[PDB]
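Chains here go by letter, A, B, C, D, E, F, G and H, matching the order in which they are written, and residues are numbered from 1 within each.
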Amino acid sequence: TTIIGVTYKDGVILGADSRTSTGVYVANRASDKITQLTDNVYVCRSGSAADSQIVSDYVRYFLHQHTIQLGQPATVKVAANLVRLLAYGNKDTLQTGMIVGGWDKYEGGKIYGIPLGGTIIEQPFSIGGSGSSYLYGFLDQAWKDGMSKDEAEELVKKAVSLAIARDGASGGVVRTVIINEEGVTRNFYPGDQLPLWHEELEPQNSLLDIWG
Amino acid sequence: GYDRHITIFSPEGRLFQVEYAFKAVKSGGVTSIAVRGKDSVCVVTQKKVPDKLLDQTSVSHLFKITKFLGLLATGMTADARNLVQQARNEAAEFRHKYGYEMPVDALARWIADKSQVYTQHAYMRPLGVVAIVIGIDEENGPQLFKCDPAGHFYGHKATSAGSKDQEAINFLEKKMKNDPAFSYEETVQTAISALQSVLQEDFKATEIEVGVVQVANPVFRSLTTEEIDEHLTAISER
Amino acid sequence: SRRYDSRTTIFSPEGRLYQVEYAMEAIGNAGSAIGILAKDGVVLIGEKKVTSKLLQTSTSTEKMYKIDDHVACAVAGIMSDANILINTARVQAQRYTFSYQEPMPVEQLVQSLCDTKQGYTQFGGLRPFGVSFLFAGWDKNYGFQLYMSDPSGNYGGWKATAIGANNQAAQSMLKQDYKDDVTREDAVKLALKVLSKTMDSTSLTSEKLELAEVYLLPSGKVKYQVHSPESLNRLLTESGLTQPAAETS
Amino acid sequence: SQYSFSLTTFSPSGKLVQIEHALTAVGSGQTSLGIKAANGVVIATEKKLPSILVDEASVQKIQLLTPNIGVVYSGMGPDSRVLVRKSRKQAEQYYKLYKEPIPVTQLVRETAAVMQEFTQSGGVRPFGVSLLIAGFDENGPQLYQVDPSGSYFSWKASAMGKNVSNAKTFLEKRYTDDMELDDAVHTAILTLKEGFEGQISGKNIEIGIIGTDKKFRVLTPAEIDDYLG
Amino acid sequence: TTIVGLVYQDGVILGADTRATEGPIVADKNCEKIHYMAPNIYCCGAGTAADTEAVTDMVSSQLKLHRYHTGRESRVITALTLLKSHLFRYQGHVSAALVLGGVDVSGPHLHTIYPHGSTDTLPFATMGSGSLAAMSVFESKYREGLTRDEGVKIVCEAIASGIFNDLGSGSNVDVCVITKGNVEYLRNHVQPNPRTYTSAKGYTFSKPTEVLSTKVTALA
Amino acid sequence: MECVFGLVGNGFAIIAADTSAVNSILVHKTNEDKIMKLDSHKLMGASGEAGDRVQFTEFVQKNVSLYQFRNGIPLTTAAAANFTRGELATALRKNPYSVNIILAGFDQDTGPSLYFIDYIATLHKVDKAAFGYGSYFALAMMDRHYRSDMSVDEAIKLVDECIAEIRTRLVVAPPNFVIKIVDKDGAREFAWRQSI
Amino acid sequence: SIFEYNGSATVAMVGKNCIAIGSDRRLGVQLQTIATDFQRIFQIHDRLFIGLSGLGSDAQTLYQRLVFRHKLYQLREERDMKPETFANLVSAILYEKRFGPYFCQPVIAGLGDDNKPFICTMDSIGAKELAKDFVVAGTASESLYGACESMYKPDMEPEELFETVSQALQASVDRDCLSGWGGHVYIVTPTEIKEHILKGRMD
Amino acid sequence: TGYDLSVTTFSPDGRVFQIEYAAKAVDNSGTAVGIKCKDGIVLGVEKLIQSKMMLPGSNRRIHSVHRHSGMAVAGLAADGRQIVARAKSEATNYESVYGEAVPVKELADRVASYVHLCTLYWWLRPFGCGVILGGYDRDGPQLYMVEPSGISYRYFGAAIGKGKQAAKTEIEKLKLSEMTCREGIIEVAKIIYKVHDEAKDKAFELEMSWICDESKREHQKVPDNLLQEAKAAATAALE
């Protein structure tokens, strides 16, 4: 698994990898690891599938209640703190690591990384899932604060594809979710659209097209 | 005996406390009406501030139970807020537990069932609030419903609540004898007009509040005072 | 909230509980039923109070219920509460047969039910059950037994007793006519006679009656059985013929 | 929360007064009736609404609890909903435990016990409703009645609500065994017409019928009008 | 076991074999592995049987009660969410795992539910021991917009692959076709491996089978 | 560790048991009588953890006595055995007692009976029973010489033989056994088998 | 394990309009043979029998508890419970203890409806195995499966059914050391119930 | 006539008399004024000295609820403390769960819901106190007032107790949109002094708390110097 969140001038561009595995078998190739909490806040689910899914459901429920009570678009900070309410409340049972991103008139686009165990860390970007480790070195020399929706999109695609190419637990299509003042924009990048990194070849239908 | 004081059957079979709750609704001076159209549902009531001090935006009887459900509460304001909190808790719980938006008829039925409880348990005074629920059912089209302190939810094509029940009903069914199919603008203007014909006075589009739904825009919405004023002008010139 | 409390469980200045006495009155207003403890069995007969002609009557019983393979009861009073009490009584009998693996002796079943009733009679502030039971059954301990339960939660064994409407007249005729060694047929005849003589209407109608008898089959098996309407017709005709067969002189 | 003081005590005459008030309260409810043909059952009630503006289609008085069973109420509407909900719950518990439909008699007994509960428990009033539960099952057609006292009976035909006595006598004189289901439907419609002030129409009354071995179905106005035509 | 789910152009097709085993011995040659939940929802159960029938039956009853309460036809998301809420709170101890399918106001639906409450939404799903044998066929032959006959062909091929290639599942193939209105269920659509021997002359029980006592009852 | 065994004659049901109470290696006592009297017409030999044996046996005797006085008619042997089994089986999954029980009794209308009740709460109406390491020798010898119509002389001879073998062949051979008989007259002590 | 603490062998097999249910006859601590006349088959009503293989104590408890529920059903409904319904009841009351299970492997067999046989055995937590040719449970599971698979026929008169179930049970129990010491076979027909006790190897 | 004896009993007029008796208890208490200035909120309370030996500062009636808001209670003070405690509880609980300071509007809504709930129960005495919240949110200053019946609305000025009518009339004669909280101090002091009537009641001590921008949006007492000069000005304003 891989989940990355990038903050650009206007908002967030949360990301994912799409591969729920049960051992060495790939039970699902197009899992959706980014879920909605409100129209402006999304969480990158990672870790245990059941635990992350239900924490997403419960946060969405509490956050519906909250946004009706206030009659007002719920903020990112509150979404992250609600995710922590359950991540920390259930340290024993929930083996989940998540990244929460969104947009507000109050504070703009913010990313809150709730790692395993239940801390909240506002960050310029976050990395999670088992595929994170292949990225620390790359991101540290890549992150430039204040990017556009474009450069941030390319960087998220590069990060998730580099993690995909090298990690057993991460693969499939790259999914990204651009959250902004105008609203969420969900994308889908199969392997064919992603670049080709060290010692990888261009996909070809059949060897009969080259011979050997 | 005690039956005048608590919700137990009177010697002739009436529950007097529920009746007194109805009287409490008709108290308070306010009256409200709703008109279900072909394409929309409009719900309208009158609000009035006696003081310069009281902020006018803090007083209103339209409540957004859900982005796609509304509710107009007639009765005691505190009870109206209690019932509103209960319904908001139910709507969110229904969507959570069952995975889809709660339909209007379900909200009305749940409110009515909750109200029935006060009517059977002796030491729980029935809520003195008649609540009108509007929403556009995803499959049944526009909906309108009315729940009373007794607990008799029934679905109404058009209805009234408050101190002027009968006058509003008579005007509405006079204007609706033909079983019409009201356009949006026609629906909302019929509601406003039936309020006018009950108050016997004009109103500056400020002492009135309107809430509407539309199939083209299911969100329960409260009209801008300028839209209310445009509807007033349209009523004037015909 | 205090002022709304009737204080059901409380002693009157006379030293007696009012609600239970009102319960006995409610029994007195209910349909009559009597029991005959015969040598070879026990017979319960009951009066169906509601006798509109549109009633179906295809249901086997309205006042007598089976509580176990060896015990049955005839109910008088508020049948609504009697349903609950019979449900409990069946449950208690099965609880004994589970714990000990054998039929629950009748006297114990009666006593457990009466202990249920006395609870409402003594604490909690709920109205007592307005019911009264006649129990018929058989044990290895004592053989055929007949018991009567007051809504006070009190009970006693009776060779022949009656409950419900017009109780005391039937009681008196049972005093005058019941004898030891009354067999199956004699018990049935005596019950029919005493009831009809206690009924407002002679030449009774099978649709307005119920007769049940807990006897012992030749092979030591307690067989409870409630007579079908045609069997009631046969007995009614035989009794309406035998009554003049004695009154002729 | 003591609320443990029976508000339905025994009057000095032995009568349970509050239950009697409940029986009157149903006595002032809209009429309903039911007949059992030799090969099916029929229940109907009057559904006259205070105004045309009330959408009659948004609520039904005849409701089916299990595909075999349906009920009609007279008296307070809100209480009938409580009882229908609880009876449906019990039917589904029975089906969970035994994978069979609950027999009509058992459902009636359980609903009656629910009725009785409120006539002994403290802090509550008995239900101002009486039910006609029509069902057809493995041992023939059945029509059961339930009243706020919690007692239940099996009727060949019955009625309750406004205009009980006239409908009752009408049924008693006009009922007969071997009546077919359609004859019963016509008879029920006629009985409603007897006391029904105004003129009957498919949008004024409600009818439900169980055929032979089939499911309880509530007639739609499009076809009730055909029956009454 | 081998259970399968495919969403074709009009609706969702479910499939399953009919072998049930208890260790290395087949207890039941013809098991009913596709279950009814609602007029438009069926589910193939894999994992611990007792748990699968218990949970599917409980959800079926809840869904029927909700159908009465709201009147309108139940939808699949409701079944999915009820199954999630039940399975999770038992933390996977109840080891029921299902493929769930139906057709609703929103159109065909197909989900896989795992004992911990993790769910997926998929165009093709497989579970049970032969899940790999089936997913071979799906990853080779699935495509969008299969017609009902092609879709049923593919599901039958997948189940046959999961019969012949995996020992846990065998016997006969069953299928449930869930279109908009009608659910065409097949009790034993494909019986691909008949009994190979006749046994010729039946064998005789030489030992007369001595018996000591015989109580006999004249049942009515 | 305890040894217990039973035997049903023509009109009597004998129960014998070792009378040694121990801790680890010390016979704190050799007069520990373990066969209880539930009634005038019942015996209940028990084997198992001494504390559990005593507590469970006393509990069952309490319930038997409560039934007797309340109704006026004593529990029949089969009902006493079934009640014991029910209580033991219910405790099995909640706070198990580690007692094995052999219940004998006489009822005028049924005759002598001997019930097998295991600490797992399996109940069976056995002709002959035995618990503990002496069970093997007791059962084999009874099978070898048992008949269905034994005079109390023959039954006691058989029990003496079983005791002698149990002493001779076990390593934990207890020296002292008590023999109790139930007949029409009532549960009783027959004889004490002093060895030391 | 705990299932073979006592050891049992129970079989059920379907004839034309008759049903036959068989069983072993011995109680044992593990290998001690306390009693050669144990009962694993219980009649609940004419045309319905339950065999309860597995732990003996769990078996007795479930039998007594089932009698409680069945009698109370007869008093409340006035009909003897139909086989499939009884199997569902047993499944429910076994699954209630999903996490505390009874160690029984019940076999349920009985005629009903229009004189139509019914057989099913269940997991220890109620997973039913509604079958139509035959059902087998106990420690001799595999041996019974082989014996019945090799000895069954589709539609069998009562006498053929008796002989076949008897031979299957005996030949399958002779290959098991925790079971034997006789046999106890019922042939249930819509007009007659024959309860046979068989001569077995007492070793 | 028997109907005025419980909170779960509508009188045939469809009104609950117990709530009105509670509200009367407030009407008998003492004035409490709140004002929504351009740059904050000023709360002021006429506090009556029961005996001259009380210590100036005794039984303070203006309480904080959380960092950015505070209350003034009129009516039965013992109930005012319970409501203040509940407001504190709600503020901190929301802060905990959502990680954000409670919107004063939400705080007032929760407090009002609590007050209303304390009437639905047959076994509770309805609170006999009315309160005023004046938090200074991220949505700006905003003054609320909760009535012993559970109703509440957002005001620009408020008053409760003996001096209801005079206080309201005087407030209306003020251009709240133009006065800074420094001007609000003077205005509220002057109003409280006008509305007091020495000819009827004993002396009193003005107690005022500003939730303004000088107070860094944090509810605090008015500084002693400004309060005393406002007292002197208000005294001078009586002639």
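Keep in mind that, in the parts below, contacts are C-beta pairs under 8 Å (C-beta built on N, C-alpha and C of every residue); 3 or more make two chains touch, one makes a residue touch a chain.
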Greatest separation from subunit G - chain, by CA centre: H
Most remote chain, CA-based centroid, reference being subunit C: A
Contact-richer chain pair [D-E vs D-G]: D-G
Separation of subunit B from subunit H, taking each centre as the mean of its C-alpha atoms, in whole Å: 32
Approximate Å spacing (C-alpha centroids) for the pair subunit C, subunit H: 71
Subunit C and subunit E, separation of their C-alpha mean positions in angstrom: 55
Shared interface positions of subunit B, touching two or more other chains: 6, 105, 122-123
Sites on subunit A at which at least two other chains make contact: 57, 69
Touching two or more other chains - residues of subunit C: 1, 4, 98, 101
Complex contacts: residues of subunit C adjacent to subunit G: 60, 65-69, 90-91, 94-95, 97-98, 101
In the complex with subunit D, residue positions of subunit B that touch it: 7-15, 105, 109, 112-113, 115-116, 119-123, 145, 150-159, 169, 172-173, 176-177, 179
Touching residues (chain side subunit H, partner subunit B) in the complex: 2-3, 5-16, 109, 112-113, 116-117, 119-120, 122, 144, 149-151, 153-158, 168, 171-172
Subunit B residues touching subunit E - in the complex, by the definition given at the top: 97-100, 103, 105-106, 138-139
Footprint of subunit D on subunit G - complex, ascending: 76-77, 82, 84-85, 88-89, 92
